[PDB]
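Taking it in order: structure first as structure tokens, then the write-up.
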Amino acid sequence: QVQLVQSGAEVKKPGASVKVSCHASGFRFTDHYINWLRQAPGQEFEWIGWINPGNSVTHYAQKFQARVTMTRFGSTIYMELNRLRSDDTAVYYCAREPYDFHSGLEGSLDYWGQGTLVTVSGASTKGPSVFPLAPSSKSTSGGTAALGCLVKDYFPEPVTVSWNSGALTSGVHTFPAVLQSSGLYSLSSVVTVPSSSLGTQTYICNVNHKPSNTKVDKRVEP
Amino acid sequence: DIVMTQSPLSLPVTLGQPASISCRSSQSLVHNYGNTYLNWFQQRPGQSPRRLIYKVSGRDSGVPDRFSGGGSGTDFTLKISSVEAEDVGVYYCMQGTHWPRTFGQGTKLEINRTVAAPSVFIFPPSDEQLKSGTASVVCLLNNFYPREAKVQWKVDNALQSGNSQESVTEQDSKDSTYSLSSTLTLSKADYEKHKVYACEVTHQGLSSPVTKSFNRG
Ligand SMILES: *[C@@H]1O[C@H](CO)[C@@H](O)[C@H](O)[C@H]1NC(C)=O
Numbered sequence: 510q511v512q513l514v515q516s517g518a519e520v521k522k523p524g525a526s527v528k529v530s531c532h533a534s535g536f537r538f539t540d541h542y543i544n545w546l547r548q549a550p551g552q553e554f555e556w557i558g559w560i561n562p563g564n565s566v567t568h569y570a571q572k573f574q575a576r577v578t579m580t581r582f583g584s585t586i587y588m589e590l591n592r593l594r595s596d597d598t599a600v601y602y603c604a605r606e607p608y609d610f611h612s613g614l615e616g617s618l619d620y621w622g623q624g625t626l627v628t629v630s631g632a633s634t635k636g637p638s639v640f641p642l643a644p645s646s647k648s649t650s651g652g653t654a655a656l657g658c659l660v661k662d663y664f665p666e667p668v669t670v671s672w673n674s675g676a677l678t679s680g681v682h683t684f685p686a687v688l689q690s691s692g693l694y695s696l697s698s699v700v701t702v703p704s705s706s707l708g709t710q711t712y713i714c715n716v717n718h719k720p721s722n723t724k725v726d727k728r729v730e731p
Numbered sequence: 008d009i010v011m012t013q014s015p016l017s018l019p020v021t022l023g024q025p026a027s028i029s030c031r032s033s034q035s036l037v038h039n040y041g042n043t044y045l046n047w048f049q050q051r052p053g054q055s056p057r058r059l060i061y062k063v064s065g066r067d068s069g070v071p072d073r074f075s076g077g078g079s080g081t082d083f084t085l086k087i088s089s090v091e092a093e094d095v096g097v098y099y100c101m102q103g104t105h106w107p108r109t110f111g112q113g114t115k116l117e118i119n120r121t122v123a124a125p126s127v128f129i130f131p132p133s134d135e136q137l138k139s140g141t142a143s144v145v146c147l148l149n150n151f152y153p154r155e156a157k158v159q160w161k162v163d164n165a166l167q168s169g170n171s172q173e174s175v176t177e178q179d180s181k182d183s184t185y186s187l188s189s190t191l192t193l194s195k196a197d198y199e200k201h202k203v204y205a206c207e208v209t210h211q212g213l214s215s216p217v218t219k220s221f222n223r224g
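Residue numbers (this note's numbering), protein chains in the order written: chain A, 510 to 731; chain B, 8 to 224.
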């Protein structure tokens, strides 16, 4: 099965460098080369370039030609962007492009990675505080209860939140982050569970803020 | 260097109805042995792109039959015969004839379904948080349509004017609904100055405003 697993979200200061990873599996680089692109939120996709993961022969768009470097080791492809600036904050993607030994690169992308968020900021990073959103009688509806986790005061984005170590995904709503007046983010993740289960099942929010290397497992009790 | 333009930048479509998106290129996308390298990708909320169409009219196994693509030279079209809940997201066109690869601005397929009333919940400040100095009350609106909803914070029947944040999710890939989170934040001092904290919600699926509330004590 084809998988393109990229590295974690990073945060650098202006002028510094960022190196992004893309580990490939399920195919060979013999007949599949690797593209790197990026996407600013409000913008569309910008194409960064491609690499032949065999001989490490590269081809960069002129916009990034001066400060980009694509490399490879084993089944992992790296994309290094130097002299970072404020408008380099975007979600970076790797993508697979099949290769024919006659006619060469097919003009298409078939598989993408999950992408990595890269933000450029001089500000220091800050891990999040995690407070419970406890299920109450004010949280119950049609025999269903809603509980959650409030992730506050972190910088920068993003924070990933799972529930019960990936054993719970149904009814989960992880809301988009909100910027406070402090200059810090804050988001809330919630889930609807059976009310009849509030005394038998265990509900844990797993919070990860990789830019600060912070991991918080909070237990939500009724 | 080969500019791509998409004709409806936003496309409100009711379920079970067809839809079409146009892509226009500044140059001819025909290459070598007559191959026209035009691609159509789909990007659902919070996911990676997924290829729907290759070489103008090619479609992989796994991509639904309701997806088709046509056109020629500098004018192409992606068509969905009957729009479904999972079709929500942003669609892109991408050329592969020349370098650099270029995309369209993207078409936002906004899905329209029956009116859904929101599930209104509320959460009092945590005990761990109160020991820090701040208090955050959370108002939760679950699975409603349309997207337009009003949330009003009431502190002892006093309409609040500037101590809350708000956030709306993207459209759900299964029920085409929305969810909303409001967070009223005060100092532990200002939290302990009042008693009743309420969120009043106004939405088209509610005959009368639903007011959730909790009193300290
Ligand atoms: C959206 O779909 C509903 C369900 O059939 C339909 O009645 C309505 O007219 C559509 N659009 C609007 C503007 O409500």
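Ideal Cβ placement from N, Cα and C applies to all residues, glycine included.
Backbone CA spacing between residue i and residue j [nearest angstrom]
{"i": "residue 722 of chain A", "j": "residue 587 of chain A", "result": "21 Å"}
{"i": "residue 611 of chain A", "j": "residue 535 of chain A", "result": "23 Å"}
{"i": "residue 620 of chain A", "j": "residue 660 of chain A", "result": "32 Å"}
{"i": "residue 169 of chain B", "j": "residue 223 of chain B", "result": "21 Å"}
{"i": "residue 200 of chain B", "j": "residue 650 of chain A", "result": "29 Å"}
{"i": "residue 133 of chain B", "j": "residue 120 of chain B", "result": "36 Å"}
{"i": "residue 186 of chain B", "j": "residue 545 of chain A", "result": "33 Å"}
{"i": "residue 72 of chain B", "j": "residue 601 of chain A", "result": "31 Å"}
{"i": "residue 137 of chain B", "j": "residue 195 of chain B", "result": "6 Å"}
Test: residue i CB closer than 7 Å to a CB of chain B
{"i": "residue 623 of chain A", "result": "yes"}
{"i": "residue 570 of chain A", "result": "yes"}
{"i": "residue 647 of chain A", "result": "yes"}
{"i": "residue 699 of chain A", "result": "yes"}
{"i": "residue 518 of chain A", "result": "no"}
{"i": "residue 640 of chain A", "result": "yes"}
{"i": "residue 682 of chain A", "result": "yes"}
{"i": "residue 575 of chain A", "result": "no"}
{"i": "residue 616 of chain A", "result": "yes"}
{"i": "residue 685 of chain A", "result": "yes"}
Residue-level contact to chain A via CB, residue i, 7 Å cutoff
{"i": "residue 103 of chain B", "result": "yes"}
{"i": "residue 133 of chain B", "result": "yes"}
{"i": "residue 128 of chain B", "result": "yes"}
{"i": "residue 61 of chain B", "result": "yes"}
{"i": "residue 56 of chain B", "result": "yes"}
{"i": "residue 188 of chain B", "result": "yes"}
CA nearest to the CA of residue i, picked from the options
{"i": "residue 155 of chain B", "options": "B/175, B/199, B/64, B/71", "result": "B/175"}
{"i": "residue 91 of chain B", "options": "B/13, B/186, B/118", "result": "B/118"}
{"i": "residue 655 of chain A", "options": "B/201, B/146, B/153", "result": "B/146"}
{"i": "residue 52 of chain B", "options": "B/93, B/170, B/101, B/132", "result": "B/93"}
{"i": "residue 81 of chain B", "options": "B/200, B/22, B/43", "result": "B/43"}
{"i": "residue 692 of chain A", "options": "A/670, A/633, A/681", "result": "A/633"}
{"i": "residue 539 of chain A", "options": "A/578, A/605, A/547, A/512", "result": "A/605"}
Three-way DSSP call (helix, strand, coil) for residue i in this model
{"i": "residue 597 of chain A", "result": "helix"}
{"i": "residue 712 of chain A", "result": "coil"}
{"i": "residue 39 of chain B", "result": "coil"}
{"i": "residue 602 of chain A", "result": "strand"}
{"i": "residue 615 of chain A", "result": "coil"}
{"i": "residue 673 of chain A", "result": "helix"}
{"i": "residue 117 of chain B", "result": "strand"}
{"i": "residue 609 of chain A", "result": "strand"}
Ligand 2 heavy atom lying under 6 Å from the CB of residue i
{"i": "residue 649 of chain A", "result": "With respect to ligand 2, the structure offers nothing, as its ligand set consists of ligand 1."}
Of the residues that make up the stretch 543-564 of chain A, which ones have a beta carbon closer than 7 Å to any beta carbon in chain B? 553, 554, 556
Could you run through the stretch 139-155 of chain B and flag, in chain order, every residue whose CB is less than 9 Å away from some CB of chain A? 139, 141, 143, 145, 147, 149, 150
Closer than 9 Å, Cβ to any Cβ of chain A: which residues of the stretch 94-126 of chain B, in chain order? 99, 101, 102, 103, 104, 105, 106, 107, 108, 109, 110, 111, 112, 113, 126
Taking any Cβ of chain A, which residues in the stretch 175-186 of chain B have a Cβ under 7 Å from it, in chain order? 176, 186
Along the stretch 202-214 of chain B, where does the CB come closer than 9 Å to a CB of chain A? Name the residues. none
Please identify, using Cβ separations under 8 Å, the residues of the stretch 37-52 of chain B that lie next to chain A, in order along the chain. 38, 39, 40, 42, 44, 46, 48
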